[PDB]
Amino acid sequence: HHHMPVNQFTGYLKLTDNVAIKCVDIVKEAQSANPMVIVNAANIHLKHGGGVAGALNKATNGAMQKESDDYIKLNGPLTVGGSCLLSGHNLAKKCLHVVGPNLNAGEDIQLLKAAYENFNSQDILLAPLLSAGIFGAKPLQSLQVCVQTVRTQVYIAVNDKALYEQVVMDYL
């Protein structure tokens, strides 16, 4: 009953050999695609409140936060631009928690490249746009840094249809 194909990514616009994008709720997408790796839009504390992190923790019924607290016991906090690889719970095999700069927190956008660098540790990832949404970066600029930095394969989920349509236009 238990084994199903992983990384079943469909319905995406292929931007480059490394980056594809879809207008979809990332939790619903993880459920469909059965990814090996989902990326969380983490903060250094791995306290999963708000935005994508809140959504992923909610989908795990708090299991992600429990595990994350054990990781903080082990490691202490992350740094901006850093990451850790933990369980993906019911969303994915693994979750790569990646800390992008939060512009709304006064952090430096130049750290967004380092944040995306972390994706290169994994062959295929389902991810949000780092530093976008509540973290305050312009999503088109985050996508730009993504395309410039990620050398593996990332499937980007965005929630905003108007953003997706602008990406298509910038593609056309």
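Everything that follows concerns the structure shown earlier in this document.
These residue numbers run from 1 along each chain by written sequence and may not equal the entry numbers. Residues without coordinates are not shown. Note: side-chain values were computed over all heavy atoms of the structure, leaving out hydrogens and water.

Caption draft 1: Spotlight on the layout of surface pockets. Put plainly, a pocket is an open set of points on a 1 Å grid over the protein atoms alone with protein on both sides within 12 Å along at least five of seven lines, a cavity is a set where a 1.4 Å probe fits but cannot get out, and a lining residue has an atom within 4 Å of a point. Grid points are joined across faces, edges and corners, and a volume is the space filled by probe spheres set on the points. Volume-wise, the largest pocket comes out at about 460 Å³. If you trace the largest pocket, you find 23 residues lining it, with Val52, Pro128, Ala132, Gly133 and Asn159 closest to the centre. Looking at the lining of the largest pocket, the elements that each hand over two or more residues are α2 (51–59) and β7 (153–158). In DSSP terms, a helix is any run of H or I states spanning at least four residues, a strand is any run of E spanning at least two, and both are numbered starting from the N terminus. The dominant element in the lining of the largest pocket, judged by the number of residues it contributes, is α2, at three residues. Only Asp, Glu, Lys and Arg are considered charged in this grouping, and only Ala, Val, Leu, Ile, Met, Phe, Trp, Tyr, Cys and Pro are considered nonpolar; every other residue, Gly among them, is considered polar. Of the residues that constitute the lining of the largest pocket, the class distribution is 16 nonpolar, five polar and two charged. By volume, the second largest pocket is sized at about 150 Å³. Lining the second largest pocket are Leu15, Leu140, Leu143, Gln144, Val147, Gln166, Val167, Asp170 and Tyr171. Elements represented by at least two residues in the lining of the second largest pocket include exactly α5 (139–149) and α6 (161–171). Looking at the lining of the second largest pocket residue by residue, the classes come out as six nonpolar, two polar and one charged.

Caption draft 2: Quick look at α2. Three exposure classes are used, based on accessible area relative to the maximum for each residue type with a 1.4 Å probe and protein chains only: buried under 20%, partly exposed in between, and exposed over 50%. Within the sequence span of α2, burial applies to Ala53, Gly54, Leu56 and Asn57. One side of α2 holds all its buried residues, which, seen down the axis, span an arc of 165°. Here, residues are in contact when the closest pair of their heavy atoms is within 4.5 Å. Here the buried face of α2 lies against α1 (26–33), β3 (37–41) and α3 (63–75). One or two residues past the end of α2 sits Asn61, with phi positive at roughly 55°. Directions pointing from the helix axis toward each C-beta atom define the arc.

Caption draft 3: A look at the side chain of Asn118. Within the element layout of this structure, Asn118 appears in the loop between α4 (111–117) and β6 (124–127). Assessed through its relative accessible area of 16%, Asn118 is described here as buried. For this analysis, a polar contact is any N or O atom pair within 3.5 Å, provided that within protein one partner can donate a hydrogen and the other can accept it, and provided that sequence-adjacent residues contribute only side-chain to side-chain pairs. Polar side-chain contacts of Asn118 include one of 2.8 Å to the backbone oxygen of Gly81. A polar atom in the side chain of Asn118 sits 3.1 Å from the backbone oxygen of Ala114. Contacts of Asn118, omitting those with residues within four sequence positions, involve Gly81, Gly82, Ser83, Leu96 and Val98.

Caption draft 4: Looking closely at the pairing of strand β5 (residues 94–98). Most of β5 sits out of view: four of its five residues are buried. Inspection of the sheet shows β3 paired to β5 by five bridges, in the parallel sense. Pairing of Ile38 across the sheet is with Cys95, part of β5. By the bridge criterion, five bridges tie strand β4 (residues 83–87) to β5 in an arrangement that is antiparallel. Paired with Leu86 across the two strands is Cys95, which belongs to β5. Two strands qualify as a pair provided DSSP detects at least 2 bridges between them.

Coordinates in, geometry out; function isn't part of it.
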